[PDB]
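Report on one structure; see the data block that follows.
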Amino acid sequence: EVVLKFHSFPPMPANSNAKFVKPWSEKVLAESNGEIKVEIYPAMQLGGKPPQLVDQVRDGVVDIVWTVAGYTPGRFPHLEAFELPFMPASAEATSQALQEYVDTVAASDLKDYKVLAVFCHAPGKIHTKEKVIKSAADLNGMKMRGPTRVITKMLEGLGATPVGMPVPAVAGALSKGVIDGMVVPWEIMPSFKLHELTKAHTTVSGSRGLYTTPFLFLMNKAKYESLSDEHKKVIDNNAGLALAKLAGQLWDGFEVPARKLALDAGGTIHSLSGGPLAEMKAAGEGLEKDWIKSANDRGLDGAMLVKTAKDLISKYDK
Ligand SMILES: O=C(O)c1cccc(O)c1
């Protein structure tokens, strides 16, 4: 018998716990004949703040984490390419792209971990208390939360005043008037009542969504290496590209009930097209250009990484 401590920041009802890590742990339990037991600690129940999850798993404080890569700026620089404006297709396609990217050109970002999967949410949407966002200009003066440095820079480039914070802080920042809105996909919102606190929602039409942000599902390397050959095989049968594909499929599906909750609560949903959409995409090109230069400055071939990311997304877009 092996006990593995899983740690993450969302509360127990959040999809990442209840509909991803919990069934993963049940499949791992079943396929190891009750021998590999994951103990799930949501809501930072083993201590620390969300950016520390990667340190905890790296150092063996815990054995497995689910987190947002960009909650620790600069630590996973290759993955930033997938956060650039208008990169994501479905979570299913974009998650497989992320995993193959990490398996190949971006492996150095995660060399200190056992990678279970890297994947992402369905494209994020724009949420405000009441003001409909029809164009970039409607964001002028609005304090808008994003999850990572790349996404806050996108918000600045669309005219907003960016504020960064992990998602559990958003509701309080809204109710206290510290932010006027945020970007998140639908799926995370009900776990924090965010569809009650924002009634105006904007998405984009077409085949590339506003943004996504990579999730990391990681195991401590030494702990993985200590497992028996048979236990490694159970873990690996529940890791890699197949898991990233399943995760992306799940995250696409998670949008559906969450969107319905938001509209049932009195929300509006507006979908940018035409001129307003083109204006946002043109603004995004500026961030893409500056990101490529910033990757160059950090020793990466920024142009090659952006091309690779785009090509992998389209490869898996079926
Ligand atoms: O925007 C985020 O920080 C976030 C965190 C967890 C799940 C998710 O869909 C989004």
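By order of appearance in the structure tokens: chains A, B, ..., then residues from 1 within every chain, and ligands from 1 in the order shown.
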
Report the closest atom pair, with its distance in Å rounded to one decimal, for each residue of chain A that has an atom no farther than 8 Å from ligand 1; count only C-alpha atoms and all ligand atoms, sort by chain and then rising residue number, and write it as JSON lines.
```
{"residue": "A:10", "atom": "CA", "partner": "ligand 1", "partner_atom_place_in_ligand_line": "6 (C)", "distance": 7.0}
{"residue": "A:16", "atom": "CA", "partner": "ligand 1", "partner_atom_place_in_ligand_line": "7 (C)", "distance": 7.2}
{"residue": "A:67", "atom": "CA", "partner": "ligand 1", "partner_atom_place_in_ligand_line": "6 (C)", "distance": 7.5}
{"residue": "A:68", "atom": "CA", "partner": "ligand 1", "partner_atom_place_in_ligand_line": "5 (C)", "distance": 6.5}
{"residue": "A:71", "atom": "CA", "partner": "ligand 1", "partner_atom_place_in_ligand_line": "3 (O)", "distance": 7.8}
{"residue": "A:120", "atom": "CA", "partner": "ligand 1", "partner_atom_place_in_ligand_line": "9 (O)", "distance": 7.9}
{"residue": "A:121", "atom": "CA", "partner": "ligand 1", "partner_atom_place_in_ligand_line": "9 (O)", "distance": 5.4}
{"residue": "A:122", "atom": "CA", "partner": "ligand 1", "partner_atom_place_in_ligand_line": "9 (O)", "distance": 7.8}
{"residue": "A:124", "atom": "CA", "partner": "ligand 1", "partner_atom_place_in_ligand_line": "9 (O)", "distance": 7.9}
{"residue": "A:146", "atom": "CA", "partner": "ligand 1", "partner_atom_place_in_ligand_line": "1 (O)", "distance": 6.6}
{"residue": "A:147", "atom": "CA", "partner": "ligand 1", "partner_atom_place_in_ligand_line": "3 (O)", "distance": 4.4}
{"residue": "A:148", "atom": "CA", "partner": "ligand 1", "partner_atom_place_in_ligand_line": "3 (O)", "distance": 7.6}
{"residue": "A:165", "atom": "CA", "partner": "ligand 1", "partner_atom_place_in_ligand_line": "3 (O)", "distance": 7.5}
{"residue": "A:166", "atom": "CA", "partner": "ligand 1", "partner_atom_place_in_ligand_line": "3 (O)", "distance": 5.1}
{"residue": "A:167", "atom": "CA", "partner": "ligand 1", "partner_atom_place_in_ligand_line": "3 (O)", "distance": 4.4}
{"residue": "A:168", "atom": "CA", "partner": "ligand 1", "partner_atom_place_in_ligand_line": "3 (O)", "distance": 8.0}
{"residue": "A:183", "atom": "CA", "partner": "ligand 1", "partner_atom_place_in_ligand_line": "1 (O)", "distance": 6.7}
{"residue": "A:184", "atom": "CA", "partner": "ligand 1", "partner_atom_place_in_ligand_line": "1 (O)", "distance": 4.7}
{"residue": "A:185", "atom": "CA", "partner": "ligand 1", "partner_atom_place_in_ligand_line": "9 (O)", "distance": 5.3}
{"residue": "A:186", "atom": "CA", "partner": "ligand 1", "partner_atom_place_in_ligand_line": "9 (O)", "distance": 7.3}
{"residue": "A:187", "atom": "CA", "partner": "ligand 1", "partner_atom_place_in_ligand_line": "9 (O)", "distance": 5.8}
{"residue": "A:188", "atom": "CA", "partner": "ligand 1", "partner_atom_place_in_ligand_line": "9 (O)", "distance": 4.7}
{"residue": "A:189", "atom": "CA", "partner": "ligand 1", "partner_atom_place_in_ligand_line": "9 (O)", "distance": 7.9}
{"residue": "A:213", "atom": "CA", "partner": "ligand 1", "partner_atom_place_in_ligand_line": "1 (O)", "distance": 7.4}
```

Stretch 43-150 of chain A: residues DSSP assigns to helix (DSSP H, G or I), reported as a PyMOL selection string: chain A and resi 50-59+69-71+77-83+91-103+107-110+136-139+149-150

Keeping only N, CA and C atoms, write the selected residues as a CSV table (one decimal), in the first residue's frame.
```csv
chain,number,residue,atom,x,y,z
A,50,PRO,N,-1.7,29.3,-2.9
A,50,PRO,CA,-1.7,28.6,-4.2
A,50,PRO,C,-0.4,28.6,-5.0
A,51,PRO,N,0.4,29.7,-5.0
A,51,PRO,CA,1.6,29.6,-5.7
A,51,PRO,C,2.6,28.6,-5.2
A,52,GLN,N,2.5,28.2,-3.9
A,52,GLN,CA,3.4,27.3,-3.3
A,52,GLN,C,3.2,25.8,-3.7
A,53,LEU,N,2.0,25.5,-4.3
A,53,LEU,CA,1.8,24.1,-4.7
A,53,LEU,C,2.9,23.5,-5.5
A,54,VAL,N,3.4,24.3,-6.5
A,54,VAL,CA,4.5,23.7,-7.3
A,54,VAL,C,5.7,23.4,-6.4
A,55,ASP,N,6.0,24.3,-5.4
A,55,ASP,CA,7.2,24.0,-4.6
A,55,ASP,C,6.9,22.8,-3.7
A,56,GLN,N,5.7,22.7,-3.1
A,56,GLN,CA,5.4,21.6,-2.3
A,56,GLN,C,5.6,20.2,-3.0
A,57,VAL,N,5.1,20.2,-4.3
A,57,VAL,CA,5.2,18.9,-5.0
A,57,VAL,C,6.6,18.7,-5.4
A,58,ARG,N,7.4,19.7,-5.8
A,58,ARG,CA,8.7,19.6,-6.3
A,58,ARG,C,9.6,19.0,-5.1
A,59,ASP,N,9.4,19.5,-3.9
A,59,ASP,CA,10.2,19.2,-2.8
A,59,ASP,C,9.7,18.0,-1.9
A,69,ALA,N,-0.2,27.0,-13.8
A,69,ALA,CA,1.2,27.2,-13.9
A,69,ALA,C,1.6,28.7,-13.7
A,70,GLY,N,0.8,29.6,-14.2
A,70,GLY,CA,1.1,31.0,-14.1
A,70,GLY,C,0.8,31.7,-12.8
A,71,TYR,N,0.3,30.9,-11.8
A,71,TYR,CA,0.3,31.5,-10.5
A,71,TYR,C,1.7,31.7,-9.9
A,77,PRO,N,8.3,29.1,-18.4
A,77,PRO,CA,8.2,30.2,-19.5
A,77,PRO,C,7.7,29.6,-20.8
A,78,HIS,N,8.0,28.4,-21.1
A,78,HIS,CA,7.5,27.9,-22.4
A,78,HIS,C,6.0,27.9,-22.4
A,79,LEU,N,5.4,27.6,-21.3
A,79,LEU,CA,3.9,27.5,-21.2
A,79,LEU,C,3.2,28.8,-21.5
A,80,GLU,N,3.9,29.9,-21.3
A,80,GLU,CA,3.3,31.2,-21.5
A,80,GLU,C,2.8,31.4,-23.0
A,81,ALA,N,3.4,30.6,-23.9
A,81,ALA,CA,3.0,30.8,-25.3
A,81,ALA,C,1.6,30.4,-25.5
A,82,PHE,N,1.1,29.5,-24.7
A,82,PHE,CA,-0.3,29.0,-24.8
A,82,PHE,C,-1.3,30.0,-24.2
A,83,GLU,N,-0.8,31.0,-23.5
A,83,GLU,CA,-1.6,32.0,-22.8
A,83,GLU,C,-1.8,33.2,-23.7
A,91,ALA,N,-10.8,23.2,-25.3
A,91,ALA,CA,-9.9,22.6,-24.4
A,91,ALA,C,-9.3,21.3,-24.8
A,92,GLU,N,-10.2,20.5,-25.4
A,92,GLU,CA,-9.7,19.1,-25.9
A,92,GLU,C,-8.5,19.3,-26.8
A,93,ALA,N,-8.6,20.2,-27.8
A,93,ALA,CA,-7.5,20.3,-28.8
A,93,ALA,C,-6.3,21.0,-28.1
A,94,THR,N,-6.6,22.0,-27.4
A,94,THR,CA,-5.5,22.8,-26.8
A,94,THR,C,-4.7,22.1,-25.7
A,95,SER,N,-5.5,21.2,-25.0
A,95,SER,CA,-4.8,20.4,-23.9
A,95,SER,C,-3.9,19.4,-24.5
A,96,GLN,N,-4.3,18.7,-25.6
A,96,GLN,CA,-3.4,17.7,-26.2
A,96,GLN,C,-2.2,18.5,-26.8
A,97,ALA,N,-2.4,19.6,-27.4
A,97,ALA,CA,-1.3,20.4,-27.9
A,97,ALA,C,-0.3,20.7,-26.7
A,98,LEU,N,-0.8,21.2,-25.6
A,98,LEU,CA,0.0,21.5,-24.4
A,98,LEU,C,0.8,20.2,-24.0
A,99,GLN,N,0.2,19.1,-23.9
A,99,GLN,CA,0.9,17.9,-23.5
A,99,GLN,C,2.0,17.5,-24.4
A,100,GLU,N,1.7,17.5,-25.7
A,100,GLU,CA,2.8,17.2,-26.7
A,100,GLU,C,3.9,18.2,-26.6
A,101,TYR,N,3.6,19.4,-26.5
A,101,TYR,CA,4.5,20.5,-26.3
A,101,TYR,C,5.5,20.2,-25.1
A,102,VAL,N,4.9,19.9,-24.0
A,102,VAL,CA,5.7,19.6,-22.8
A,102,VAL,C,6.5,18.3,-23.0
A,103,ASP,N,5.9,17.3,-23.7
A,103,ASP,CA,6.6,16.1,-23.9
A,103,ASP,C,7.9,16.3,-24.8
A,107,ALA,N,10.0,20.5,-22.6
A,107,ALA,CA,10.2,19.6,-21.4
A,107,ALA,C,11.0,20.2,-20.3
A,108,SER,N,11.9,21.1,-20.6
A,108,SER,CA,12.7,21.6,-19.5
A,108,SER,C,11.9,22.4,-18.4
A,109,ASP,N,10.8,22.9,-18.8
A,109,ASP,CA,10.0,23.6,-17.8
A,109,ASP,C,9.6,22.7,-16.6
A,110,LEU,N,9.4,21.4,-16.9
A,110,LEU,CA,8.8,20.4,-15.9
A,110,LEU,C,9.8,19.3,-15.6
A,136,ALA,N,-13.4,46.7,-26.8
A,136,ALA,CA,-12.3,47.1,-26.0
A,136,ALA,C,-12.5,48.3,-25.2
A,137,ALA,N,-13.1,49.4,-25.8
A,137,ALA,CA,-13.3,50.6,-25.2
A,137,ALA,C,-14.2,50.5,-23.9
A,138,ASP,N,-15.1,49.5,-23.9
A,138,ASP,CA,-15.9,49.4,-22.7
A,138,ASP,C,-15.1,48.9,-21.5
A,139,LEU,N,-13.9,48.4,-21.7
A,139,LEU,CA,-13.0,48.0,-20.6
A,139,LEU,C,-12.2,49.2,-20.1
A,149,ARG,N,0.4,36.7,-15.2
A,149,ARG,CA,1.0,37.9,-15.8
A,149,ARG,C,0.7,38.0,-17.3
A,150,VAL,N,0.7,36.9,-18.0
A,150,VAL,CA,0.4,37.0,-19.4
A,150,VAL,C,-1.0,37.5,-19.6
```

Residues at most 7 Å from stretch 253-261 of chain A, counting only C-alpha atoms, excluding those fewer than 2 positions away in the same chain, as a list in words? residues 186, 187, 190, 249, 250, 251, 263, 264 and 265 of chain A

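If you measure from each of A:279, A:160, A:235, A:247 to residue A:219 using only C-alpha atoms, the closest one turns out to be A:235.
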
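Among the candidates A:232, A:75, A:125, A:114, the residue lying nearest to residue A:298 is A:75 (atoms considered: only C-alpha atoms).
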
Would you give me, as a PyMOL selection string, the residues in stretch 77-272 of chain A that DSSP reads as strand (DSSP E)? chain A and resi 113-120+125-128+143-146+161-164+181-184+200-204+214-220+268-272
